[PDB]
Every structure is written in C-alpha cells, then in structure tokens.
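See structure below.
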Amino acid sequence: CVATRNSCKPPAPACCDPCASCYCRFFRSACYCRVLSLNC
C-alpha cells in the first residue's frame with residue numbers, strides 16, 4: 001500500500017493500518033504516512 005513517505009490526509013485512504021496517519025515529524029511540515037507506534 002504505502003510506506004511512510006507519502007503526503008495524505010485522514011481518514012482515508014489511511015495508511016494501511018488504522019493507526020497510521022498522515023502526520024509531520026520534521027520541521028518541513030512534511031506530513032505523511034506515519035503511525036509513530038510499535039504496539040499499534
């Protein structure tokens with residue numbers, strides 16, 4: 001589906017997992033697929 005380097009917005013299409021949302025973790029406001037959680 002998608003890894004964790006694609007920009008998108010919830011809910012759908014989502015990021016494979018329902019815990020994977022399109023968020024930014026950098027100072028570039030680059031919000032992309034990211035769950036930020038192992039137990040999820």
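Quick note on naming: the chains in the structure tokens go A, B, ... in the order shown, residues restart at 1 in each chain, and ligands are numbered from 1 in order of appearance.
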
Selection near residue 19 (chain A), 10 Å with only C-alpha atoms, sequence-local residues under 4 positions removed, as a short mmCIF file (atom, residue, chain, number, x, y, z; two decimals) with N, CA, C and O atoms, in the first residue's frame:
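So the final result, stored in result_27.cif, reads:
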data_model
loop_
_atom_site.label_atom_id
_atom_site.label_comp_id
_atom_site.auth_asym_id
_atom_site.auth_seq_id
_atom_site.Cartn_x
_atom_site.Cartn_y
_atom_site.Cartn_z
N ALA A 14 -6.12 6.41 4.35
CA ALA A 14 -5.44 5.88 5.52
C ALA A 14 -4.00 5.52 5.14
O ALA A 14 -3.49 6.00 4.13
N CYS A 15 -3.40 4.69 5.97
CA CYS A 15 -2.03 4.26 5.74
C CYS A 15 -1.92 2.78 6.11
O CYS A 15 -1.17 2.41 7.01
N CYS A 33 2.41 9.55 5.71
CA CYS A 33 2.06 8.32 6.40
C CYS A 33 3.00 8.16 7.60
O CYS A 33 4.22 8.30 7.47
N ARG A 34 2.40 7.87 8.75
CA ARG A 34 3.17 7.69 9.97
C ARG A 34 2.25 7.30 11.12
O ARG A 34 1.26 7.98 11.39
N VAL A 35 2.60 6.20 11.77
CA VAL A 35 1.82 5.70 12.89
C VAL A 35 2.47 6.14 14.20
O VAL A 35 1.78 6.49 15.16
N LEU A 36 3.80 6.12 14.20
CA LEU A 36 4.55 6.51 15.38
C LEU A 36 4.11 5.66 16.57
O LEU A 36 3.68 6.20 17.59
N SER A 37 4.23 4.36 16.40
CA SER A 37 3.84 3.43 17.45
C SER A 37 4.09 1.99 16.99
O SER A 37 3.70 1.61 15.88
N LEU A 38 4.73 1.22 17.86
CA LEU A 38 5.03 -0.17 17.56
C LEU A 38 3.82 -1.03 17.90
O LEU A 38 3.35 -1.81 17.08
N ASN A 39 3.34 -0.87 19.13
CA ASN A 39 2.19 -1.63 19.59
C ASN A 39 0.91 -0.99 19.06
O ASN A 39 0.09 -0.50 19.83
N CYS A 40 0.79 -1.00 17.74
CA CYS A 40 -0.38 -0.43 17.09
C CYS A 40 -0.54 -1.08 15.72
O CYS A 40 -1.63 -1.54 15.37
#

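From CA of residue 21 (chain A) back to CA of residue 9 (chain A), the distance works out to 7.4 Å.
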
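Using only C-alpha atoms, the residues found no farther than 9 Å from residue 32 (chain A), other than those of its own chain fewer than 6 positions away, are residues 4, 5, 6, 7, 8, 9, 21, 22, 23, 24 and 25 of chain A.
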
Inset, instruction - List every residue of chain A that DSSP, applied to the backbone, labels as strand (DSSP E), and write the result as a ChimeraX atom specification. - result: /A:21-24,31-34
